[PDB]
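Note that each Cβ is placed from the backbone with ideal geometry, even for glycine, and that neighbours are counted across all protein chains shown. Any read-out appearing in this document is the output of simple, stated calculations on the displayed coordinates, not a laboratory observation.
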Amino acid sequence: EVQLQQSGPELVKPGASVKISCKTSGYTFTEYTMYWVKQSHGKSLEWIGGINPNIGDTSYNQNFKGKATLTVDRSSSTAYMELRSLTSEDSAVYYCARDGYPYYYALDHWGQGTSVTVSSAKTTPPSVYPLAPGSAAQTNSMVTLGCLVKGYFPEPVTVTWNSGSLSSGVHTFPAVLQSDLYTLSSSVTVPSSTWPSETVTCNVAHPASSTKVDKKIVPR
Amino acid sequence: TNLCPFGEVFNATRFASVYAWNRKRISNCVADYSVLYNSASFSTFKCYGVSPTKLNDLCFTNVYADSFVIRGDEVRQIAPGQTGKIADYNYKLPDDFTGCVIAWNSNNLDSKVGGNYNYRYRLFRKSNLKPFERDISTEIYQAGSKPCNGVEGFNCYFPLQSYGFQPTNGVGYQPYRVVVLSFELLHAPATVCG
Amino acid sequence: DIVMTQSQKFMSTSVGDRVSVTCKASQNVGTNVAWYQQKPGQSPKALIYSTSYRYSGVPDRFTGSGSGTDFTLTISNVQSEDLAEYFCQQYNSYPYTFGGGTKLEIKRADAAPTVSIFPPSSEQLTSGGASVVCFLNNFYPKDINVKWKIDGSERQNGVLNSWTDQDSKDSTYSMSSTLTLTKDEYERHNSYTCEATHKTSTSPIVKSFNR
């Protein structure tokens with residue numbers, strides 16, 4: 001079974017350099033040509049370059065000439081991409097590929113992808129903050145609640161409502177950037193027959209800091 | 001009595017490359033295979049199918065002489081049932097090849113200063129070769145998925161590559177002259193015999 | 001290089017419907033183009049190469065035609081697994097120029113959003129800053145325009161937004177609006193409103209709170 005396995009996600013400071021691997025198994029690594037690409041968040045795809053393992057010929061894109069270099073290790077069937085002079089514009093995922101010309105193809109056969117983010121901030125634990133609906137009967141049919149996070153790094157956090165039991169209309173909005181630190185919110189819909197008679201709480205956990213914090217929604 | 005001109009293809013002054021190897025058939029003469037084995041100037045004198053000392057009696061109807069120059073570490077690839085970049089893209093021997101191959105070192109004639117880039121071999125090819133078949137061509141081998149229009153660039157390269165036949169190389173990198181003798185036996189009676 | 005243009009970027013087709021994805025080229029690409037399929041978060045897989053041939057494992061409903069300039073990836077009987085991101089590539093001249101991308105969507109009835117504003121809590125009032133949020137849930141279609149008015153004056157600084165992808169159960173959108181500001185700027189004014197317009201009504205949906 002032909003399988004391409006890449007590395008894990010790397011947090012890196014600006015100006016440094018990283019090495020992204022793509023291990024290969026299931027086929028003859030010498031003949032087939034390997035490409036490398038880059039997909040930024042929300043925008044179109046872009047191509048970087050390609051390397052040939054039997055010879056070593058390279059042809060990079062003109063916008064990535066002083067950005068990335070490629071090396072192939074035939075002793076372990078592992079390719080490598082080394083990025084240099086990183087800036088905040090390289091917040092993207094990077095895939096490995098495989099050409100298919102000696103099989104009557106035009107195939108790329110993409111791998112998994114390594115999420116490489118850039119920042120200059122130490123990992124900060126989150127701080128939850130509840131939302132005031134507020135007091136009572138707003139509206140009379142269905143009342144919405146919520147809980148914010150502010151100032152945390154890195155993605156993601158696990159926002160569970162009522163310790164993972166309430167799931168009838170949970171809308172965890174994606175994270176944005178306001179002060180080089182991520183923030184998001186969540187929106188739930190609890191009917192009037194249980195609030196504020198019963199306790200509805202918001203549980204946000206951070207796997208990168210191992211901090212468990214919960215805040216009960218209080219009617220105010 | 002006319003002896004066969006086996007010394008013409010052996011003591012020649014201009015040999016050929018392995019992708020464009022020359023071939024001419026010898027006929028209507030008496031063979032003298034005794035002085036070839038007893039010449040004491042060859043390196044590897046091996047046969048495949050016929051005993052090497054039983055050539056002068058059991059005779060054949062036609063002989064072929066394929067002369068080409070290869071490296072020192074690739075003379076083993078000219079053998080029935082072997083792989084390698086020389087054996088499948090330039091010159092292939094079948095399993096039923098009932099002839100004898102003969103090789104010798106040619107360092108004192110095909111090694112000069114500057115480097116001999118005239119001897120050329122085929123490194124890239126589309127598929128393997130059938131036995132006893134040559135392919136003179138200069139078509140660009142498309143290695144990747146980019147159709148290039150006979151130009152030199154990425155993912156399509158030139159199929160020929162020159163040799164580093166310099167006299168300062170090692171004993172495994174010296175140019176070696178090899179001749180392939182293919183004794184073919186038809187149901188017709190023999191012509192070269194003796 | 002080649003500029004591969006795709007227009008539009010959004011398309012909405014229900015199940016059991018025929019959809020056509022098109023993208024143009026700048027110069028004479030010839031025949032060698034491609035098409036891909038990218039699930040949200042997952043890795044892209046290949047669907048069509050050289051605009052007439054499928055791959056090993058892709059369904060037979062993905063057909064392609066066109067040559068020279070126009071290329072069309074037509075799907076006959078779409079499904080729930082058809083919702084992905086579709087790109088087009090060229091293989092004519094290095095470097096390779098990918099396309100823009102087209103996302104598929106499910107058609108739904110018109111529904112107005114249910115806006116909800118949340119004033120900052122007392123824990124925000126003792127922290128260092130304040131942020132008032134305006135949730136918008138279960139609306140269709142995607143086009144919307146939120147406007148934070150501060151006593152009749154539209155505020156533009158610190159107004160951040162965060163849209164969502166389509167829900168896989170009701171095919172509705174959701175979005176949120178975060179307005180960040182300091183302490184005394186929150187208690188400088190007396191009212192705050194979250195104006196949001198839509199094509200489902202002439203006048204925009206109004207909600208507000210005092211103090």
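Below are the figures for this structure:
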item: Other protein chain Cβ atoms within 10 Å, averaged over every residue that makes up B:140-152; result: 5
item: Pair-distance profile P(r), taking every C-alpha pair of region C:117-196, with 10 angstrom steps and integer %; result: 16, 46, 26, 11, 1
item: Check: chain B dipole with +1 on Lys, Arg Cβ and -1 on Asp, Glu Cβ, in debye; result: 380 debye
item: Under 19 Å from the A:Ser141 label point (7 Å along Cα→beta-carbon), backbone N, region C:104-129; result: C:109-117
item: Expected 222 nm ellipticity per residue - DSSP helices of 4 or more, -39500 (n - 2.57), all of the protein assembly as shown, to 500; result: -500 deg cm²/dmol
item: Where labels lie 7 Å past Cα in the beta-carbon direction, separation of C:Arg108 and C:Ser93 in nm; result: 4.5 nm
item: FRET efficiency for C:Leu160 and C:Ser191, using Cβ-Cβ distance with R0 set to 30 Å, rounded to 0.05; result: 0.90
item: GNM flexibility winner over chain A from A:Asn63, A:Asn52, A:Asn203 (Cα, springs under 10 Å); result: A:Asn63
item: Set of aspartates and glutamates near C:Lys142 by C-alpha distance (under 16 Å), chain-local residues within fewer than 8 positions excluded; result: C:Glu105, C:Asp110, C:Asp165, C:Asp167, C:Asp170
item: Distance (nanometres) between label positions extended 7 Å along Cα→Cβ at B:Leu186 and A:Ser25; result: 5.8 nm
item: Choice from B:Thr98, B:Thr61, B:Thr53 showing the highest fluctuation, given a GNM over chain B with Cα pairs closer than 10 Å; result: B:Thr53
item: Residues C:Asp17 and C:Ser122, FRET efficiency given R0 of 41 Å [Cβ-Cβ distance, rounded to 0.05]; result: 0.20
item: FRET efficiency estimate (nearest 0.05) - Cβ-Cβ, A:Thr71 to C:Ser168, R0 51 angstrom; result: 0.80
item: Order of A:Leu148, B:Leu3, A:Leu107, A:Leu181 - criterion: other Cβ atoms within 10 Å of each residue's Cβ, fewest first; result: B:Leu3, A:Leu181, A:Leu107, A:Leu148
item: Leading residue at positive end of dipole, region B:62-170 (Cβ point charges), from B:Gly153, B:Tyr117, B:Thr138; result: B:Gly153
item: Under 13 Å from the Cα of A:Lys65 - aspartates and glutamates, other chains or at least 8 residues apart; result: A:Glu82
item: Proportion of all alpha-carbon pairs of chain A beyond 27 Å (%); result: 50 percent
item: Listed residues A:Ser88, A:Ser119, A:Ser135, most fluctuating in chain A (Gaussian network, C-alpha, under 10 Å); result: A:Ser135
item: In region C:18-119, the trypsin sites (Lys or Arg not before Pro) that fall in loop regions by DSSP, at most 14 other Cβ within 10 Å; result: C:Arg18, C:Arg61, C:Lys107
item: Distance violations [Cα-Cα > 30 Å] among A:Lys13/A:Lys38; A:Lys150/C:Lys147; C:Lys169/C:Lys199; A:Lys23/C:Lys169; A:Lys215/C:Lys207; A:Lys23/B:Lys146; result: A:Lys23/C:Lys169
item: Test item: Cα-centred dipole of chain C, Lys/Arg +1 and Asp/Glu -1 on Cβ, debye; result: 200 debye
item: Residues whose placed amide H lies under 5 Å from that of A:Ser59, excluding near-sequence neighbours; result: A:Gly50
item: Size descriptor, Kirkwood hydrodynamic radius, that averages inverse alpha-carbon separations across region A:3-118, Å; result: 14.5 Å
item: All-pairs alpha carbon distance profile, the protein assembly as shown, 10 Å steps from 0, percent; result: 3, 12, 17, 16, 14, 11, 8, 6, 5, 4, 2, 1, 0
item: Simple Cβ-charge dipole of the protein assembly as shown, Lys/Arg +1 and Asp/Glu -1, about Cα centre, in debye nearest 20; result: 420 debye
